[PDB]
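Heads up, the thing below is written out as structure tokens.
Residue numbers start from 1 in every chain, and the chains themselves are labelled A, B, ... in the order their sequence lines are given, proteins ahead of strands. Counting convention: from 1, in listed order, for ligands and their atoms alike.
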Amino acid sequence: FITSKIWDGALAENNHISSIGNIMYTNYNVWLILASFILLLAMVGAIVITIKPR
Amino acid sequence: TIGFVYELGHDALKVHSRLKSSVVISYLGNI
Ligand SMILES: CCCCCCCCCCCCO[C@@H]1O[C@H](CO)[C@@H](O[C@H]2O[C@H](CO)[C@@H](O)[C@H](O)[C@H]2O)[C@H](O)[C@H]1O
């Protein structure tokens with residue numbers, strides 16, 4: 001495999017987490033909504049099937 | 001956060017949760 005440098009594409013390079021962040025909360029934010037609800041269901045459901053209330 | 005107030009509201013962590021007498025007599029007197 002061969003690689004070479006680029007200058008226009010290296011102006012302000014971002015780490016992978018900043019690149020994930022640039023799109024995780026804006027363009028693909030519906031995926032964040034569903035995931036927020038899956039985690040929220042795993043909270044309510046697992047608490048309700050294990051603990052004795054009060 | 002709302003799911004966090006649910007376990008706060010229910011003590012799921014089971015961290016929390018760690019007298020006047022009902023018998024009242026009245027005197028009426030002789031028969
Ligand atoms: C933006 C940040 C917001 C942070 C959270 C904001 C406050 C929301 C959380 C509290 C909401 C009220 O939730 C309340 O929690 C208390 C404390 O466990 C519970 O407390 C009551 O039940 C529990 C469980 O039997 C008992 O241990 C406790 O002695 C009793 O007082 C109430 O049943 C619940 O109504």
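Heavy-atom contacts of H16(B) reach the following atoms of ligand 1: 27 (O) (cutoff under 4.0 Å). With ligand atoms numbered from 1 in the order given, ligand 1 contributes 27 (O) to contacts under 4.0 Å with heavy atoms of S17(B).
Nearest heavy-atom pair, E7(B) versus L13(B), reported as atom, atom and distance to 0.1 Å: OE1-CD2, 4.0 Å.
Here the CD1-NZ distance, from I51(A) to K14(B), works out to 5.0 Å after rounding to the nearest 0.5 Å.
By heavy-atom distance, the residue among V15(B), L8(B), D11(B) lying nearest atom 10 (C) of ligand 1 is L8(B).
When hydrophobic residues (I, L, V, M, F, W, Y) are linked wherever their side-chain heavy atoms come within less than 4.5 Å, the members clustered with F4(B) are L8(B).
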Please tabulate, one pair per line, all N/O donor-acceptor pairs under 3.5 Å involving side-chain atoms of residues 13-42 of chain A, not counting sequence neighbours.
residue : atom : partner : partner atom : Å
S19(A)  : OG   : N15(A)  : O            : 3.1
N22(A)  : ND2  : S18(A)  : O            : 3.3
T26(A)  : OG1  : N22(A)  : O            : 3.1
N29(A)  : ND2  : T26(A)  : O            : 3.3
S36(A)  : OG   : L32(A)  : O            : 3.3
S36(A)  : OG   : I33(A)  : O            : 2.4

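Residue-to-ligand polar distances place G9(B) within reach of ligand 1: an N/O pair is separated by less than 3.5 Å.
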